[PDB]
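Printed here is target_23.cif (mmCIF, C-alpha atoms and all ligand atoms):
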```cif
data_structure
#
loop_
_atom_site.label_atom_id
_atom_site.label_comp_id
_atom_site.auth_asym_id
_atom_site.auth_seq_id
_atom_site.Cartn_x
_atom_site.Cartn_y
_atom_site.Cartn_z
CA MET A 1 118.92 102.52 118.89
CA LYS A 2 120.28 102.30 115.33
CA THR A 3 121.75 99.13 113.90
CA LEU A 4 123.61 98.79 110.63
CA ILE A 5 123.38 95.51 108.76
CA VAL A 6 126.02 94.85 106.12
CA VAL A 7 124.69 92.20 103.77
CA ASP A 8 126.92 89.59 102.06
CA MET A 9 130.09 91.60 101.38
CA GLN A 10 131.78 88.34 100.40
CA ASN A 11 134.41 87.25 97.88
CA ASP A 12 132.07 85.26 95.77
CA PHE A 13 129.88 88.37 95.29
CA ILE A 14 132.49 91.12 95.28
CA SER A 15 135.70 89.76 93.82
CA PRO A 16 136.01 89.55 90.05
CA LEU A 17 137.51 86.14 90.81
CA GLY A 18 134.33 85.16 92.66
CA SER A 19 131.72 82.85 91.18
CA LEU A 20 128.81 85.29 91.36
CA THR A 21 130.41 88.70 91.02
CA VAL A 22 128.08 91.63 91.43
CA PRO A 23 128.98 94.25 88.76
CA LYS A 24 130.74 97.31 90.28
CA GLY A 25 130.78 95.37 93.59
CA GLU A 26 134.30 96.40 94.52
CA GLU A 27 133.17 100.00 94.49
CA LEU A 28 131.32 99.27 97.73
CA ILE A 29 134.14 98.03 99.91
CA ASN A 30 135.77 101.32 100.99
CA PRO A 31 132.56 103.36 101.28
CA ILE A 32 130.94 100.60 103.38
CA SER A 33 134.07 100.34 105.48
CA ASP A 34 133.90 104.11 106.05
CA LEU A 35 130.23 103.83 106.81
CA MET A 36 130.97 101.23 109.45
CA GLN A 37 133.41 103.57 111.17
CA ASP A 38 131.57 106.85 110.97
CA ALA A 39 130.90 108.37 114.39
CA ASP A 40 128.25 110.73 113.01
CA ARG A 41 126.05 107.81 112.11
CA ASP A 42 125.83 106.72 115.76
CA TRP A 43 125.64 103.03 115.03
CA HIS A 44 124.77 101.41 118.31
CA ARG A 45 125.54 98.02 116.78
CA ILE A 46 126.71 96.73 113.45
CA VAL A 47 125.89 93.27 112.19
CA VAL A 48 127.43 91.71 109.09
CA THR A 49 125.83 88.75 107.30
CA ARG A 50 127.32 85.93 105.24
CA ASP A 51 125.74 83.52 102.80
CA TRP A 52 127.13 80.35 104.37
CA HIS A 53 126.22 77.28 102.23
CA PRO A 54 127.13 73.59 102.43
CA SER A 55 128.59 72.34 99.17
CA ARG A 56 125.52 70.16 98.57
CA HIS A 57 123.15 73.11 98.96
CA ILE A 58 119.84 72.88 97.09
CA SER A 59 120.32 76.31 95.63
CA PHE A 60 123.31 75.35 93.42
CA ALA A 61 122.63 74.07 89.92
CA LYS A 62 125.58 71.65 90.41
CA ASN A 63 123.29 69.67 92.76
CA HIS A 64 120.49 69.04 90.28
CA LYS A 65 120.72 66.54 87.48
CA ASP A 66 119.95 68.11 84.12
CA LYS A 67 119.80 71.76 85.32
CA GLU A 68 122.38 74.49 84.61
CA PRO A 69 123.32 77.62 86.56
CA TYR A 70 120.75 80.49 86.39
CA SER A 71 117.85 78.17 85.50
CA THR A 72 114.42 78.44 87.06
CA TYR A 73 113.47 75.82 89.59
CA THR A 74 110.47 75.08 91.81
CA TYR A 75 111.24 74.60 95.47
CA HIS A 76 108.91 72.49 97.62
CA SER A 77 108.24 73.31 101.29
CA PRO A 78 110.53 71.27 103.57
CA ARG A 79 107.72 71.23 106.19
CA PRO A 80 106.34 67.66 106.32
CA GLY A 81 102.70 67.75 105.13
CA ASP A 82 103.19 71.21 103.59
CA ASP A 83 102.89 71.01 99.84
CA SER A 84 103.22 74.68 98.84
CA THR A 85 106.03 75.69 96.48
CA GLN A 86 108.14 78.65 95.45
CA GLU A 87 109.80 79.65 92.22
CA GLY A 88 113.57 79.93 92.50
CA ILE A 89 116.79 80.40 90.61
CA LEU A 90 119.52 77.74 90.63
CA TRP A 91 122.90 79.49 90.99
CA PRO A 92 126.57 78.85 90.35
CA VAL A 93 128.21 77.36 93.45
CA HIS A 94 128.92 80.26 95.79
CA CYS A 95 129.72 81.01 99.43
CA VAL A 96 130.51 77.46 100.53
CA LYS A 97 131.39 77.57 104.24
CA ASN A 98 135.18 77.79 104.85
CA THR A 99 136.19 78.58 101.31
CA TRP A 100 137.81 81.75 99.99
CA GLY A 101 134.52 82.36 98.25
CA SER A 102 132.56 82.65 101.50
CA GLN A 103 135.02 84.93 103.38
CA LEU A 104 134.04 88.55 103.92
CA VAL A 105 136.23 90.72 101.74
CA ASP A 106 139.44 91.45 103.67
CA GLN A 107 138.78 95.09 104.35
CA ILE A 108 135.57 94.04 106.03
CA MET A 109 136.88 90.81 107.61
CA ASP A 110 139.54 93.00 109.28
CA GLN A 111 136.93 95.38 110.62
CA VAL A 112 134.80 92.48 111.94
CA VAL A 113 137.76 90.82 113.70
CA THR A 114 139.28 93.96 115.21
CA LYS A 115 135.99 95.41 116.38
CA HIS A 116 134.29 92.08 117.26
CA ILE A 117 131.20 92.65 115.06
CA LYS A 118 128.32 90.11 115.19
CA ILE A 119 128.19 87.82 112.14
CA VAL A 120 124.91 86.21 111.09
CA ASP A 121 125.21 83.26 108.71
CA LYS A 122 122.28 82.48 106.41
CA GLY A 123 121.86 79.68 103.86
CA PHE A 124 123.33 77.08 106.17
CA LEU A 125 120.57 74.40 105.91
CA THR A 126 121.13 72.11 102.92
CA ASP A 127 117.49 71.89 101.96
CA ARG A 128 116.32 75.47 101.53
CA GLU A 129 117.28 78.84 100.07
CA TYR A 130 117.48 81.92 102.30
CA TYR A 131 117.61 85.37 100.88
CA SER A 132 116.78 87.27 104.06
CA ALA A 133 119.32 87.33 106.89
CA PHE A 134 116.39 86.91 109.27
CA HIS A 135 114.93 83.59 108.08
CA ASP A 136 114.58 81.10 105.21
CA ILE A 137 112.31 81.70 102.21
CA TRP A 138 109.53 79.79 103.98
CA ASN A 139 109.87 81.68 107.16
CA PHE A 140 110.33 78.33 108.84
CA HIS A 141 113.90 78.46 110.17
CA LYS A 142 114.90 81.78 111.72
CA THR A 143 118.36 83.07 112.30
CA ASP A 144 119.87 84.90 115.15
CA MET A 145 119.23 88.40 113.76
CA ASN A 146 116.04 89.36 115.48
CA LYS A 147 116.99 88.19 118.97
CA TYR A 148 120.30 89.97 118.59
CA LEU A 149 118.67 93.16 117.30
CA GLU A 150 116.26 93.09 120.29
CA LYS A 151 118.94 92.46 122.92
CA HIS A 152 120.56 95.65 121.75
CA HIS A 153 117.37 97.72 121.70
CA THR A 154 117.24 98.28 117.95
CA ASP A 155 114.34 100.51 116.89
CA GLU A 156 115.82 101.27 113.52
CA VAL A 157 117.75 99.31 110.94
CA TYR A 158 119.98 100.49 108.10
CA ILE A 159 120.76 98.02 105.37
CA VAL A 160 123.64 98.03 102.87
CA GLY A 161 125.49 95.59 100.62
CA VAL A 162 124.66 93.02 97.93
CA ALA A 163 122.77 91.83 96.07
CA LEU A 164 120.20 94.66 95.99
CA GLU A 165 117.44 92.64 94.37
CA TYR A 166 117.95 89.44 96.38
CA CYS A 167 119.43 89.46 99.90
CA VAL A 168 119.35 93.26 100.43
CA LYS A 169 115.67 93.48 99.55
CA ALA A 170 114.71 90.29 101.40
CA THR A 171 116.55 91.44 104.53
CA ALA A 172 114.93 94.89 104.41
CA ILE A 173 111.47 93.28 104.07
CA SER A 174 111.98 90.95 107.01
CA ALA A 175 113.11 93.89 109.15
CA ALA A 176 110.07 95.98 108.25
CA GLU A 177 107.78 93.00 108.83
CA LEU A 178 109.25 92.55 112.31
CA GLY A 179 108.48 96.18 113.00
CA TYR A 180 111.86 97.91 112.80
CA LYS A 181 111.93 101.30 111.14
CA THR A 182 113.86 100.20 108.06
CA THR A 183 116.22 102.03 105.63
CA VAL A 184 118.19 101.04 102.58
CA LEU A 185 121.06 103.38 101.79
CA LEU A 186 121.07 102.72 98.02
CA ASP A 187 124.49 104.28 97.41
CA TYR A 188 125.95 101.36 99.35
CA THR A 189 124.27 98.55 97.41
CA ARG A 190 124.57 97.02 93.95
CA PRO A 191 122.28 94.57 92.01
CA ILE A 192 123.43 91.26 90.45
CA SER A 193 121.55 92.37 87.35
CA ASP A 194 123.27 95.32 85.70
CA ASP A 195 119.98 96.31 84.10
CA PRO A 196 119.26 99.90 85.38
CA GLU A 197 115.53 99.18 85.57
CA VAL A 198 116.19 96.64 88.40
CA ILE A 199 117.02 99.50 90.80
CA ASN A 200 113.58 101.03 90.16
CA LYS A 201 111.72 97.72 90.65
CA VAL A 202 113.35 97.12 94.00
CA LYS A 203 112.99 100.75 94.97
CA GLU A 204 109.26 100.50 94.43
CA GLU A 205 108.80 97.23 96.26
CA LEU A 206 110.77 98.56 99.22
CA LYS A 207 108.49 101.58 99.43
CA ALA A 208 105.41 99.33 99.24
CA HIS A 209 106.53 97.79 102.55
CA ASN A 210 107.18 101.19 104.15
CA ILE A 211 110.89 100.57 104.01
CA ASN A 212 112.45 103.82 103.16
CA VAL A 213 115.04 104.09 100.48
CA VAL A 214 117.57 106.89 100.38
CA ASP A 215 120.81 107.20 98.45
CA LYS A 216 123.21 108.22 101.18
ZN ZN B 301 123.23 81.64 98.24
#
```
Show me this structure written as structure tokens.
Amino acid sequence: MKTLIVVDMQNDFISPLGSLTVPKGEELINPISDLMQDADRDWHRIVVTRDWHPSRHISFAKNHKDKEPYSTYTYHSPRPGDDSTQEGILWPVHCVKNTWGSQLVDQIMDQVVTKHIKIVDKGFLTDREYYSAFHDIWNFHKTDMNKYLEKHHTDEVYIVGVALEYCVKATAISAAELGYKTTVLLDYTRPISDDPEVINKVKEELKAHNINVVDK
């Protein structure tokens, strides 16, 4: 069956007042809301995701001495005895659990609450970044997503939301890797970077993993 995953439509990413506003982010709210309600699409399930950080999260520059927001940082595997590392970005503080910032934008919060839509929180563990809604950047800790998708007989997955080049792409990749037939409806996403070339880079990576990208 088809499932629709709506990635991080949250205040801190969508509101101008948010701490990590995606450019033209507000343009997504109504179209995504329509998408969520559209009979023709035959969504068997819809899942929405939230970045859900503790305030002391490792991914915020505020939590590293002598490092400012948007700097490059080297994460170290939290697995004891694992010494591999990954390059990261330290961000402004965003999506702290139970703060305006981390709420789904109202138009979507209202849809979730009135239609009882599954929420998946990612980014919860203090000690690691997660871009994908499926699992952390190490693929150590998994979320709920896959078991939920399976319970509801998902064979294909449609992904929308923000940010295109971080959580949208990472979520799409996980899904393809787990064997779902995966789609990104590009018209319903936006990048954090408002460099036009970014949409091509992601577009090409997506296709390399047999994720298929369409506009609408
Ligand atoms: Zn985050």
May I have the residues within 9 Å of residue A:137 as a PDB file with C-alpha atoms, in the coordinates of the input, using all atoms listed in the file and disregarding those fewer than 4 positions away in the same chain?
```
ATOM      1  CA  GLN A  86     108.140  78.650  95.450  1.00  0.00           C
ATOM      2  CA  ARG A 128     116.320  75.470 101.530  1.00  0.00           C
ATOM      3  CA  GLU A 129     117.280  78.840 100.070  1.00  0.00           C
ATOM      4  CA  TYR A 130     117.480  81.920 102.300  1.00  0.00           C
ATOM      5  CA  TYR A 131     117.610  85.370 100.880  1.00  0.00           C
ATOM      6  CA  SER A 132     116.780  87.270 104.060  1.00  0.00           C
ATOM      7  CA  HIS A 141     113.900  78.460 110.170  1.00  0.00           C
ATOM      8  CA  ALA A 170     114.710  90.290 101.400  1.00  0.00           C
TER       9      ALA A 170
END
```
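Every residue having at least one atom no farther than 8 Å from ligand ZN 301 (chain B) is included below, with all atoms listed in the file taken into account: residues 51, 52, 53, 59, 60, 91, 94, 95, 123, 129, 130 and 131 of chain A.
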| Expressed in Å to a single decimal, how great is the separation between atom CA of residue A:10 and atom CA of residue A:143? |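 Taking atom CA of residue A:10 as the start and atom CA of residue A:143 as the end point, the length is 18.7 Å.
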| request: Record the distance separating atom CA of residue A:26 and atom CA of residue A:191, expressed in Å with one decimal. | output: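 If I compute the distance from atom CA of residue A:26 to atom CA of residue A:191, I get 12.4 Å.
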I want to know what sits within 12 Å of residue A:189, based on only C-alpha atoms, with residues of the same chain fewer than 6 positions away left out; could you give that as a PDB file with C-alpha atoms, keeping the file's coordinate frame?
```
ATOM      1  CA  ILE A   5     123.380  95.510 108.760  1.00  0.00           C
ATOM      2  CA  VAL A   6     126.020  94.850 106.120  1.00  0.00           C
ATOM      3  CA  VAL A   7     124.690  92.200 103.770  1.00  0.00           C
ATOM      4  CA  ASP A   8     126.920  89.590 102.060  1.00  0.00           C
ATOM      5  CA  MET A   9     130.090  91.600 101.380  1.00  0.00           C
ATOM      6  CA  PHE A  13     129.880  88.370  95.290  1.00  0.00           C
ATOM      7  CA  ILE A  14     132.490  91.120  95.280  1.00  0.00           C
ATOM      8  CA  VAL A  22     128.080  91.630  91.430  1.00  0.00           C
ATOM      9  CA  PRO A  23     128.980  94.250  88.760  1.00  0.00           C
ATOM     10  CA  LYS A  24     130.740  97.310  90.280  1.00  0.00           C
ATOM     11  CA  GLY A  25     130.780  95.370  93.590  1.00  0.00           C
ATOM     12  CA  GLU A  26     134.300  96.400  94.520  1.00  0.00           C
ATOM     13  CA  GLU A  27     133.170 100.000  94.490  1.00  0.00           C
ATOM     14  CA  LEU A  28     131.320  99.270  97.730  1.00  0.00           C
ATOM     15  CA  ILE A  29     134.140  98.030  99.910  1.00  0.00           C
ATOM     16  CA  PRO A  31     132.560 103.360 101.280  1.00  0.00           C
ATOM     17  CA  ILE A  32     130.940 100.600 103.380  1.00  0.00           C
ATOM     18  CA  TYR A 158     119.980 100.490 108.100  1.00  0.00           C
ATOM     19  CA  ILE A 159     120.760  98.020 105.370  1.00  0.00           C
ATOM     20  CA  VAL A 160     123.640  98.030 102.870  1.00  0.00           C
ATOM     21  CA  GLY A 161     125.490  95.590 100.620  1.00  0.00           C
ATOM     22  CA  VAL A 162     124.660  93.020  97.930  1.00  0.00           C
ATOM     23  CA  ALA A 163     122.770  91.830  96.070  1.00  0.00           C
ATOM     24  CA  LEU A 164     120.200  94.660  95.990  1.00  0.00           C
ATOM     25  CA  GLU A 165     117.440  92.640  94.370  1.00  0.00           C
ATOM     26  CA  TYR A 166     117.950  89.440  96.380  1.00  0.00           C
ATOM     27  CA  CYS A 167     119.430  89.460  99.900  1.00  0.00           C
ATOM     28  CA  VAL A 168     119.350  93.260 100.430  1.00  0.00           C
ATOM     29  CA  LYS A 169     115.670  93.480  99.550  1.00  0.00           C
ATOM     30  CA  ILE A 199     117.020  99.500  90.800  1.00  0.00           C
ATOM     31  CA  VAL A 202     113.350  97.120  94.000  1.00  0.00           C
ATOM     32  CA  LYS A 203     112.990 100.750  94.970  1.00  0.00           C
ATOM     33  CA  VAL A 213     115.040 104.090 100.480  1.00  0.00           C
ATOM     34  CA  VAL A 214     117.570 106.890 100.380  1.00  0.00           C
ATOM     35  CA  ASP A 215     120.810 107.200  98.450  1.00  0.00           C
ATOM     36  CA  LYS A 216     123.210 108.220 101.180  1.00  0.00           C
TER      37      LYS A 216
END
```
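The nearest approach to residue A:185 among the residues A:1, A:46, A:211, A:173, with all atoms listed in the file taken into account, belongs to A:211.
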| request: Give me, please, the distance in Å between atom CA of residue A:75 and atom CA of residue A:101, quoted to one decimal. | output: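 Calculated distance between atom CA of residue A:75 and atom CA of residue A:101 is 24.7 Å.
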| request: Would you list the contacts of stretch 66-68 of chain A as a ChimeraX atom specification, taking every protein, DNA or RNA residue within 9 Å and counting all atoms listed in the file, but skipping same-chain residues closer than 4 positions in sequence? | output: /A:60-62,72-73,90-92
| said: Given the point (111.0, 72.3, 107.2) in the file's coordinates, find the residues that have an atom at most 10 Å from it, counting only C-alpha atoms, and give them as a PyMOL selection string. | reply: chain A and resi 76-82+125+127-128+136+138-141
How would stretch 129-198 of chain A of the given structure read as a file with C-alpha atoms, as a PDB file, in the first residue's frame?
```
ATOM      1  CA  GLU A 129      22.651  13.521  14.902  1.00  0.00           C
ATOM      2  CA  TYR A 130      19.834  11.926  12.890  1.00  0.00           C
ATOM      3  CA  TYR A 131      18.905  13.147   9.486  1.00  0.00           C
ATOM      4  CA  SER A 132      16.827  10.153   8.418  1.00  0.00           C
ATOM      5  CA  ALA A 133      13.486   9.518  10.125  1.00  0.00           C
ATOM      6  CA  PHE A 134      14.386   5.831  10.077  1.00  0.00           C
ATOM      7  CA  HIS A 135      17.613   5.829  12.120  1.00  0.00           C
ATOM      8  CA  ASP A 136      20.609   7.837  13.368  1.00  0.00           C
ATOM      9  CA  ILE A 137      23.546   8.778  11.134  1.00  0.00           C
ATOM     10  CA  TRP A 138      25.383   5.654  12.288  1.00  0.00           C
ATOM     11  CA  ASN A 139      22.513   3.388  11.658  1.00  0.00           C
ATOM     12  CA  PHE A 140      22.840   2.330  15.266  1.00  0.00           C
ATOM     13  CA  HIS A 141      19.588   3.501  16.857  1.00  0.00           C
ATOM     14  CA  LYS A 142      16.481   2.933  14.749  1.00  0.00           C
ATOM     15  CA  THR A 143      13.167   4.646  15.070  1.00  0.00           C
ATOM     16  CA  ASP A 144       9.697   3.363  14.840  1.00  0.00           C
ATOM     17  CA  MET A 145       9.254   4.084  11.111  1.00  0.00           C
ATOM     18  CA  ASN A 146      10.063   0.766   9.565  1.00  0.00           C
ATOM     19  CA  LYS A 147       8.027  -1.393  11.950  1.00  0.00           C
ATOM     20  CA  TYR A 148       5.124   0.980  11.509  1.00  0.00           C
ATOM     21  CA  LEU A 149       5.455   1.007   7.709  1.00  0.00           C
ATOM     22  CA  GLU A 150       5.499  -2.833   7.734  1.00  0.00           C
ATOM     23  CA  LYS A 151       2.501  -3.241  10.044  1.00  0.00           C
ATOM     24  CA  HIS A 152       0.531  -1.283   7.496  1.00  0.00           C
ATOM     25  CA  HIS A 153       1.779  -3.211   4.469  1.00  0.00           C
ATOM     26  CA  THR A 154       3.670  -0.348   2.847  1.00  0.00           C
ATOM     27  CA  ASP A 155       5.202  -1.299  -0.505  1.00  0.00           C
ATOM     28  CA  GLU A 156       5.687   2.272  -1.588  1.00  0.00           C
ATOM     29  CA  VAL A 157       6.698   5.475   0.126  1.00  0.00           C
ATOM     30  CA  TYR A 158       6.174   9.090  -0.897  1.00  0.00           C
ATOM     31  CA  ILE A 159       8.310  11.698   0.792  1.00  0.00           C
ATOM     32  CA  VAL A 160       7.696  15.443   1.138  1.00  0.00           C
ATOM     33  CA  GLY A 161       8.811  18.337   3.340  1.00  0.00           C
ATOM     34  CA  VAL A 162      12.068  19.905   4.531  1.00  0.00           C
ATOM     35  CA  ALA A 163      14.956  20.178   4.342  1.00  0.00           C
ATOM     36  CA  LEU A 164      15.444  18.666   0.868  1.00  0.00           C
ATOM     37  CA  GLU A 165      19.185  18.207   1.149  1.00  0.00           C
ATOM     38  CA  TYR A 166      19.233  16.918   4.739  1.00  0.00           C
ATOM     39  CA  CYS A 167      16.264  15.088   6.285  1.00  0.00           C
ATOM     40  CA  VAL A 168      14.241  14.651   3.053  1.00  0.00           C
ATOM     41  CA  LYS A 169      17.159  13.056   1.226  1.00  0.00           C
ATOM     42  CA  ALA A 170      18.294  10.985   4.216  1.00  0.00           C
ATOM     43  CA  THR A 171      14.762   9.678   4.787  1.00  0.00           C
ATOM     44  CA  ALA A 172      14.326   8.798   1.100  1.00  0.00           C
ATOM     45  CA  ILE A 173      17.649   6.905   1.134  1.00  0.00           C
ATOM     46  CA  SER A 174      16.777   4.896   4.218  1.00  0.00           C
ATOM     47  CA  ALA A 175      13.437   3.943   2.661  1.00  0.00           C
ATOM     48  CA  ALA A 176      15.041   2.783  -0.578  1.00  0.00           C
ATOM     49  CA  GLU A 177      17.701   0.882   1.362  1.00  0.00           C
ATOM     50  CA  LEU A 178      14.979  -0.937   3.302  1.00  0.00           C
ATOM     51  CA  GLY A 179      13.423  -1.925   0.012  1.00  0.00           C
ATOM     52  CA  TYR A 180      10.391   0.347  -0.310  1.00  0.00           C
ATOM     53  CA  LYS A 181       9.662   1.717  -3.753  1.00  0.00           C
ATOM     54  CA  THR A 182      10.553   5.325  -2.938  1.00  0.00           C
ATOM     55  CA  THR A 183       9.403   8.703  -4.365  1.00  0.00           C
ATOM     56  CA  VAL A 184      10.194  12.309  -3.636  1.00  0.00           C
ATOM     57  CA  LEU A 185       7.545  14.735  -4.849  1.00  0.00           C
ATOM     58  CA  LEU A 186       9.929  17.692  -5.345  1.00  0.00           C
ATOM     59  CA  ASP A 187       7.176  20.304  -5.614  1.00  0.00           C
ATOM     60  CA  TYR A 188       6.480  19.664  -1.942  1.00  0.00           C
ATOM     61  CA  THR A 189      10.026  20.114  -0.645  1.00  0.00           C
ATOM     62  CA  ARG A 190      12.447  23.002  -0.174  1.00  0.00           C
ATOM     63  CA  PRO A 191      16.243  23.077   0.579  1.00  0.00           C
ATOM     64  CA  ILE A 192      17.877  24.988   3.483  1.00  0.00           C
ATOM     65  CA  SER A 193      20.354  26.260   0.919  1.00  0.00           C
ATOM     66  CA  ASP A 194      18.695  28.646  -1.517  1.00  0.00           C
ATOM     67  CA  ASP A 195      21.378  27.864  -4.075  1.00  0.00           C
ATOM     68  CA  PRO A 196      19.474  26.448  -7.148  1.00  0.00           C
ATOM     69  CA  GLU A 197      22.278  23.974  -7.855  1.00  0.00           C
ATOM     70  CA  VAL A 198      21.461  22.146  -4.561  1.00  0.00           C
TER      71      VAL A 198
END
```
